[PDB]
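Trainee: here is my input, please return the structure:
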Amino acid sequence: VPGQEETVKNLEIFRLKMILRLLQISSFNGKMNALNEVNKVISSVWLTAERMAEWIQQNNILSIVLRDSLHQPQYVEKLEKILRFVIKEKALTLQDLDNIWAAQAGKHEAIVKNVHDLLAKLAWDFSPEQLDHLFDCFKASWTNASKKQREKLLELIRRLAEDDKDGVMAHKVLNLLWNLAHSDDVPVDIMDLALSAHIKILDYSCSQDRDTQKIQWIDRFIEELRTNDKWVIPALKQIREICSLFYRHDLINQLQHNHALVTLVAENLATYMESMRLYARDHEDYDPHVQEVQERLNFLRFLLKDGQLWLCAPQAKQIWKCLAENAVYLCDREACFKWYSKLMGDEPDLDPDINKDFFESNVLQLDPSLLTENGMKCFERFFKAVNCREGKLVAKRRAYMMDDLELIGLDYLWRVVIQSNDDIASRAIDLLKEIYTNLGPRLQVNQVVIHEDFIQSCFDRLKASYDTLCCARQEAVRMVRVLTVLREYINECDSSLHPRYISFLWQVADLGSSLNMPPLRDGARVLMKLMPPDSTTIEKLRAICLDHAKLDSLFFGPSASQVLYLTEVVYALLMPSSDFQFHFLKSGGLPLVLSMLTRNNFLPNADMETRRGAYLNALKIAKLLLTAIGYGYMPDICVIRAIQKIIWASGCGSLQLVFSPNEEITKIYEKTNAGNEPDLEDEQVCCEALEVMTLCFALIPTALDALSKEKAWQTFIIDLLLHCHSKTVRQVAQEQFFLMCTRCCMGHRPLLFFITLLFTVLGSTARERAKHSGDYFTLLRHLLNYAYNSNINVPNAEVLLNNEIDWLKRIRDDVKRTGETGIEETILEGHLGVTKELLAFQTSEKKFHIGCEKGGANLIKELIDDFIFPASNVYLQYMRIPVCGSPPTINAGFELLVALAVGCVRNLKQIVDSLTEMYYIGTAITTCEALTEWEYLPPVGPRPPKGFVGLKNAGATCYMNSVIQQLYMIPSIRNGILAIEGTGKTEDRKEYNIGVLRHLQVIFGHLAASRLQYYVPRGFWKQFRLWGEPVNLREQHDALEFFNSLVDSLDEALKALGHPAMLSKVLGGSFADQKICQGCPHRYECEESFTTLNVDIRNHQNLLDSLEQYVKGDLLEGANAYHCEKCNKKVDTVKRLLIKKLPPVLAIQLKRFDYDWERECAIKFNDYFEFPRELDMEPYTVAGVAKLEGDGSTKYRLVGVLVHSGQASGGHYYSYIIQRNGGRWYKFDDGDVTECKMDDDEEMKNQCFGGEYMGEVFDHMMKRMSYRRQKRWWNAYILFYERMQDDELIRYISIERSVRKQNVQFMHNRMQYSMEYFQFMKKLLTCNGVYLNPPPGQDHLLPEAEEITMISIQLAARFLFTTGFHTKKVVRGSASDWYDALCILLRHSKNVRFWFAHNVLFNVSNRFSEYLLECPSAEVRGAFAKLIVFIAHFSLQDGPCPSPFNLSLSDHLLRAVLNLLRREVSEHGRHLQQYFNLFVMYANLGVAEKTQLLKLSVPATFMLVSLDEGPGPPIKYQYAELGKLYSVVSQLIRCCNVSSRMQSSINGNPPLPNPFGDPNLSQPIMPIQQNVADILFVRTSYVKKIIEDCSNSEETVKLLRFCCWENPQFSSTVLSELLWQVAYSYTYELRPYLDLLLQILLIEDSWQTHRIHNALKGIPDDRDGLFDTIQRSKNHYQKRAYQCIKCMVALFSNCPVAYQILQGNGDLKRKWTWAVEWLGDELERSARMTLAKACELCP
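Mentor: Residues are numbered from 1 along each chain as shown. For reference, the structure is listed below:
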């Protein structure tokens, strides 16, 4: 209705009222609809934009909306357009803006950032009053902002600036940024944050209003730091960052025209350094300074890199002389030196003129006493740059090579080296040596002048320093440094002439000991040594020696250090010079060297080292002097006393007490605070004096006899054997005491005296030391052995043996009582050795009354079952701690047992009986079995002591064993599981869980007490089934599934047995899933039990970030907002997971695996992840979050790292575990447990931290290099953390047999296959060897020898053919020795040989096959073959042996070996060498053996073999080496008569006798057998076989030479085959054929001419023969033609018969001429010599 107008406005106002009340409705949906309809009506807008603006203003619509709706981004997005509509007609006021800014006062972060992005989007349309009002509001917030508040305000400001479309508002934005970054009330973090904000605002907003003010803003910054109120550093880095991006190369010049930075910053540095120095005099009690000076320096450096500017002198002056030269803090000087180091690297920046100015002006003017390491490199580069510009040095490759001598800098570099500390002096010395030693062109001809001038000037400086001494201490350092200069200078010279040079240095070294300066003497002596001997001294000594031959003052000069040097040069002359010895001995040599040692006034003012060196040199001289005079008297007793006192003093490290009354030296020997250890140079003095004493006693024997009665020469030996140190000295002393008593004694009394002396210190001093007795016992053993072997009778032997026996019994009683020896290992080994050596001095009635006697002390029994085999006795008891633990002690016990067994059959019998019943009674009762493995060791391992027990891997079982290791290593688990007693379809699952617990108990006990290296889990693999389905041992699976199944099964087993869930309590945790809503105060909490902690790995880099992700949780918003069951609406909710209960042990999983749908397979992620050793879980727990928001330890230590290495489908698992010890990490992989070096962080990064790295790849035989990015596919998978035997886990709520058995079996088997056991076996078998010889007038063994042989052969057979030869080479040890022992036993006895054959070779029916063919060891097969040959040889004289299925044992052995040829030989190729080698050896023995082989038709059967057609199948291995077969055939055939097949080529002439039969054979064994002739001469297969295959052999040529003699048919066949081989064969194997043909052509029988005719020409009209092959090979394959020509040259030059054939047949001469002409032409285009000899035979 047109007349209804006011009602239209009334209804519009009512609609406004209803909408406003709808906004007032607390329901968000009502406010949602009201906001939507407000947006709708505003967009459609009698209603203009003014009236809605007012209505919003007075009603404060925004105020109601802003109070709650700001928590949702969509509400802000909707309100944005309403705010824009309000603003665009100037309706928003400051109070409304204040309310907008009041929204961030104490509100949540989401609301604050919502307000911020709203303001950022609205800032474009705000009026200037609104914006600057917002700006001082920002400043007011800045006044009270927190740390996060300040950074979010900066983010808001950057949002505002980025959205600035027109660069007008950014002016005030940057003004505020400058105000904030230059306000000192705000910490340094917000400083750099605001600076970065400013820089990024100026960088990428360059669309408009950024350029052309860059200069304006940078000039504003320059003017800002042009005044000094601490604006300098921030403005400086501002300008530095602006110039980093913002044309730049000419920009520096533009800012150099009128606003120079380098100069202005130079004045800044100067006027600020002086400002600090103003208060540095009174306020010095503070600390550095560094932060600002380094920043300004780095500004200068970055600015002066690419601007192409030259640093002028004035600013260089003002920044060098005023900055560091006159400074306060030493760090400023460091900064300046690092500056002048970096500035001039490889390129000048100050121009050569200015450098040559300032370096000489003030850099060299600096006092070297104040200069540091950076100064060294800067000063070096200053030299190099300055000197290489003037034209004095050349850079060359690296070293700045010298071309001048008058340096401008060396004048004060000497001042630097003379006045500095150690490091600066070392650098200066390096500079001087690298500048002086290397001389190049234009000066390379002047070595002598420069070196001499340097040495002379430097020695003059040394003298100038020297004259001041007579302030003292530092000049010593001056001398040391200058002598270091000398020593280095000569060090680089090699890679003197002036006598004054050593004459001054003598006095220099003399002063070194005068005022007691160590380095002076050492440096002087080193310089003297590193020098050729002085020319004057050597000629003077030689002239004096010549004068006196046709000198005391020379070696007794009053200067101290010159005597030592003169002794050094003397020893240099003696030791290579051949003439000077005779001169030295003649004049005064021996007497003066000895009086050198026995006098008191040798060297009054002597140093601790001067006497040492002088002595040691005189001793080395006297050793060779006595060695020379040995072959052919001056030494006396006083010389011995002097040398012994010298050794007394030197063994104490107290050579200065070499004039002691000999009681004090004993006093410091007797454990005087352990401060008398001999040095590394007293050792040589002691040793050399020992050889001197030995040689002197060799000269004079009677002195040592007289020394025995003295109290000295008794304490001397005791001290040097027990009370001394430096084990090498003791070893030398014992060796040479033994040498003295062996050779120098010339009697038996000294041996008895030393033996008695050594035996009286056993219980007194040999036990007190207990560690130095290893050589005292060595002397005891050696002296006793020598006394036995030399038929010397020790007086008191039986009583000492009884004492040793009682001591051993006491030791065994101590071991039985406790389990540990009360002594050391050396004492036990030495006592066992002494008991062994004392055992030789008894008859056979003794050594049997000790061991094996009914009433004696049955020492064999206690030995066997208490020292060596207690474990074997335990094992024997089962089948119904050893005293000798260390391998040396076991060896000593073995030696004692052998010494008991030697010479006594009644002791060997019992030892053998015990050994058989303990090891070889199980199977070796009728036959000897085998291990079926031919290189056998116990495959279990030793289990090193400090290590642990691993677990066997079947190939894919790592994800069980690693988890089991990790679970066991937790002490609570290992204590709890083993303590659960009584463990030995619901019921089926209950029994399954019980079995799980029982198997875990068994494996835990095994790992706790097994002595093997690892364990192989039968029951573990048999019992467990994964999720019911059986576990496949060859199938890879995730370790997490197995861990979950195992922990669930163990918890079920514990619950079913009434025990608490220990695994759940220790490892399991519980998450507290919390849901907190933003629009309503409703909160939801629940508990979720878990066992392993899962952390994201792809999107996280460290464990801390992953754990903080749980605290942050996830936010549900929009369509994904959580629906509240109470409010019945969707609202934003923060879903976070917090740990409620903290387990003592925490398991954390790394989610490094996922699935790829494109690849249709599991994939592995190897992203770089981090985890610390110590973890603080408190911030991530419920308590920590509650404490932070404001409404039982929490720290954990990493102890176990499960690591995966390989593909996701496969891969390998292992562990890294900390062992809980009271005073570490270990490597747990499968059955191996080893130490690891992962404690370092770099190893942690390399091994388990994973990640990508820039790998280096080497390929193409180390000639190609490439860089490839590689991923660490080996990385950690689960992390175990331990918090910092619990009765609760054992308290109720609702077997050690297998370990012992397997330990005992392991010990028994390990003892069986020990190396020491094999040496013991060798000793036992080879002992009694001197008793096994027959009587001289008889050829059979006496009763005792026969019994010993029988017992030894029985035990040797059992041992060897059960486990001896099958053991691997390392332990079994060169079975040739076993063969030698078997030979020693077997010979000289017929019954023993028959027993061995019958019981070892003829009762298994497989011995020969397995030991000759099936054995994959050349040495074992060879030893067995040689043994068979031995037995066959020595059983020929024996009677007829019974047949083992008038035949001797040799016949049976040969038949048995030949029976292998029926089927066994043609199965075992690559192993046939030793079989036919056995046949070779047997023939070589003699004529009877050859006859025996021939009567067996061995040659015929052997010839058939290698041509198939044999007794059995052909050999399957086609590449069979049958050389020894051909050798046997050749040797056997050559011992036969072939005279039937001979023709002399002249009618009526008888054939010549054959010279090529077997030598050392009087007459042929028999006429050649028909079956042999049929294969040799009638048939041609064997000849071809041996020609084509048996090449280079010495037997094939012998056989062919023997058979071809006077045999036209055989010679024809051989020649045909040889010519075929010469023509049609490879040229690399033609030399053997040509050599064999040459040897055939040299047979000087009556067919030689025919053979030569048929070889040179060939078979007529067949184009074969040497000439035919030469003609064919002239064009191609010329090497064959050359080799044929060489063979013909040899034939013509070595055969007189085949030179008349050539000379006498014109056609052959023509062919030879053609051949030699071809060879000459080819060589014109060894060969040269062959061609030279070719036409010396030409006519």
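
Trainee: hmm, residue 162 is touching residue 201, no?
Mentor: Yes. Under the criterion of CB atoms under 8 Å, residue 162 is in contact with residue 201, at a separation of 7.3 Å. For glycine as for every other residue, the C-beta is placed from the backbone atoms N, C-alpha and C.

Trainee: the more surrounded of the two?
Mentor: Summary of the neighbour comparison: residue 162 and residue 201, criterion other CB atoms under 10 Å, with residue 201 having more neighbours (20 against 14).

Trainee: what's the closest non-adjacent residue to that one?
Mentor: Setting aside the residues directly before and after it, residue 201 is nearest to residue 161 in space (CB to CB, 6 or more residues apart in numbering), at 4.7 Å.

Trainee: contacts only, for that neighbour.
Mentor: Counting by CB atoms under 8 Å, 6 or more residues apart in numbering, residue 161 makes contact with 169, 170, 173, 174, 201, 205.

Trainee: need the buried ones from these selected in PyMOL.
Mentor: Paste this into PyMOL to select the buried members of these, with burial taken from 16 or more other CB atoms under 10 Å:
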select buried, resi 169+170+173+174+201
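
Trainee: okay, now the domains of this structure?
Mentor: The chain breaks down by automatic domain parsing into domains covering 7-103, 563-716, 953-1063, 1069-1142+1145-1150+1161-1191+1199-1246+1270-1282, 1608-1739.

Trainee: in TSV, list these along with distance to residue 1447 and mean neighbour count.
Mentor: Output for these, formatted as TSV (distance: least, CB to CB, whole Å; neighbours: other CB atoms under 10 Å):
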stretch	distance to residue 1447	mean neighbour count
domain 7-103	112	15
domain 563-716	63	18
domain 953-1063	51	17
domain 1069-1142+1145-1150+1161-1191+1199-1246+1270-1282	55	16
domain 1608-1739	36	17
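
Trainee: which one of those lies closest to residue 927?
Mentor: Residue 927 lies closest to domain 953-1063 among those, at 30.4 Å (CB to CB).

Trainee: secondary structure element holding residue 849?
Mentor: Here residue 849, judged by DSSP states H and E, is contained in no helix and no strand.

Trainee: do residue 180 as well
Mentor: Secondary structure (DSSP H and E) places residue 180 in helix 169-181.

Trainee: tell me which element residue 1336 falls in.
Mentor: Using DSSP H and E, residue 1336 maps to neither a helix nor a strand.

Trainee: count of residues packed around it?
Mentor: The burial count for residue 1336: 5, using other CB under 10 Å.

Trainee: residue 276: which of the domains of the chain is closest?
Mentor: Short answer: domain 1069-1142+1145-1150+1161-1191+1199-1246+1270-1282, nearest of the domains of the chain by CB to CB, at 39.5 Å.

Trainee: so what would you say the end-to-end distance of the closest one is?
Mentor: Across domain 1069-1142+1145-1150+1161-1191+1199-1246+1270-1282, the terminal residues are separated by 14 Å (CA to CA, to the nearest Å).

Trainee: ok, now stretch 575-595?
Mentor: Distance between the two ends of stretch 575-595: 22 Å, counting by CA to CA.

Trainee: now find how far off-centre that stretch is within its chain.
Mentor: With CA atoms, centre = their mean, to the nearest Å as the basis, the distance from the averaged C-alpha position of stretch 575-595 to the chain average is 51 Å.

Trainee: helix, strand or coil: sort out residue 318 for me.
Mentor: Under the three-state scheme (DSSP: H, G, I helix; E, B strand; the rest coil), residue 318 adopts helix.

Trainee: contacting residues around it?
Mentor: Residue 318 is in contact with 266, 267, 270, counting by CB under 8 Å, 6+ apart.

Trainee: secondary structure element for the second one?
Mentor: For residue 267, the enclosing helix or strand under DSSP H and E is helix 261-280.

Trainee: give me the element residue 1269 is part of.
Mentor: For residue 1269, the host element (DSSP H and E) is strand 1264-1271.

Trainee: may I see the buried residues of that strand?
Mentor: Neighbour-count burial for strand 1264-1271, with 16+ other CB under 10 Å as criterion, is recorded at residue 1271.

Trainee: tell me how far the next helix or strand after that strand is from the chain's mean position?
Mentor: Moving toward the C-terminus from strand 1264-1271, the next helix or strand (DSSP H and E) is strand 1274-1283. In terms of CA atoms, centre = their mean, the gap separating the centre of strand 1274-1283 from the centre of its chain is 26 Å.

Trainee: check which helix or strand covers the nearest residue to residue 99 once chain neighbours are set aside.
Mentor: What sits nearest to residue 99 in space, not counting adjacent residues and going by CB to CB, 6+ apart, is residue 63, at 5.6 Å. In the assignment (DSSP H and E), residue 63 maps to helix 61-68.

Trainee: do residue 1215 as well
Mentor: The secondary structure element spanning residue 1215 is strand 1212-1218 (assigned by DSSP H and E).

Trainee: partner strands of the very next helix or strand once past that strand, with direction?
Mentor: Once the chain leaves strand 1212-1218, the next helix or strand it forms, by DSSP H and E, is strand 1225-1229. Looking at strand 1225-1229 with DSSP bridges, its partner strands are strand 1212-1218 (antiparallel), strand 1232-1235 (antiparallel).

Trainee: contacts for the last one?
Mentor: When you say that, I think you mean strand 1232-1235. If you take CB under 8 Å, 6+ apart as the criterion, strand 1232-1235 is touched by 944, 947, 948, 949, 950, 1013, 1014, 1226, 1227.

Trainee: one more pass at 7 Å, please.
Mentor: 947, 948, 950, 1226, 1227 (CB atoms under 7 Å, 6 or more residues apart in numbering).

Trainee: just the C-alpha atoms of that strand, please, in PDB.
Mentor: Written as PDB, here are the backbone C-alpha positions of strand 1232-1235 (Å, rounded to 0.1, in the frame of the first residue of the first chain):
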ATOM      1  CA  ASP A1232      77.900 -62.600  18.600                       C
ATOM      2  CA  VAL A1233      78.300 -60.300  21.600                       C
ATOM      3  CA  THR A1234      81.000 -57.700  21.200                       C
ATOM      4  CA  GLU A1235      82.100 -54.400  22.600                       C
END
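
Trainee: next SSE after it?
Mentor: Of the helices and strands lying after strand 1232-1235 in sequence (DSSP H and E), the nearest is helix 1241-1247.
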